[PDB]
């Protein structure tokens, strides 16, 4: 089925993503029609909390970032505690132990289906250009495959 196909691609991307970056967690954060996000796929190293299946109602995508991510925005943050983020935002990440994150979009037929997100837990991390490129290309490959499958 279409949804099973999407899930197979998502599970592939999180597994290869974590292997590529050797980070602590990679997820696909998939959007519903209102851009409420569900963690539909996760690859996480041993010992860290499992975000899989969590529903996170974060309004900043619907309200602020849908267009930029459709246009290919990438956001990389070395230390989430030194990024001017509000407590409301931090409280979404604290239970998952996020200290640094890297966000690339999954754009399928010009629509934002979700985000592929890497986490470094309890440890700041300066994401390097080549890591960002490889992570972005992974998301692009998965998105293009889904475009062609249906």
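Numbering follows the first chain given and starts at 1.
Enquirer: Should the higher mean CA B-factor in the entry be assigned to 90-98 or to 45-53?
Expert: 45-53 has the higher mean C-alpha B-factor.
Enquirer: Quick one: say whether 122-130 or 16-24 has the higher mean Cα B-factor in the deposited entry.
Expert: Between 16-24 and 122-130, it is 122-130 that shows the higher mean C-alpha B-factor.
Enquirer: Using the entry's values, work out which of 63, 58, 67, 33 has the largest Cα B factor.
Expert: Each of 63, 58, 67, 33 was compared by C-alpha B-factor; the highest is 33.
Enquirer: By the recorded C-alpha temperature factor, relative to the other modelled residues in its chain, which third is residue 117 in?
Expert: Residue 117: CA B-factor falls in the lowest third of its chain.
Enquirer: Against its chain's modelled residues, does residue 83's Cα B factor rank lowest, middle or highest third?
Expert: Highest third.
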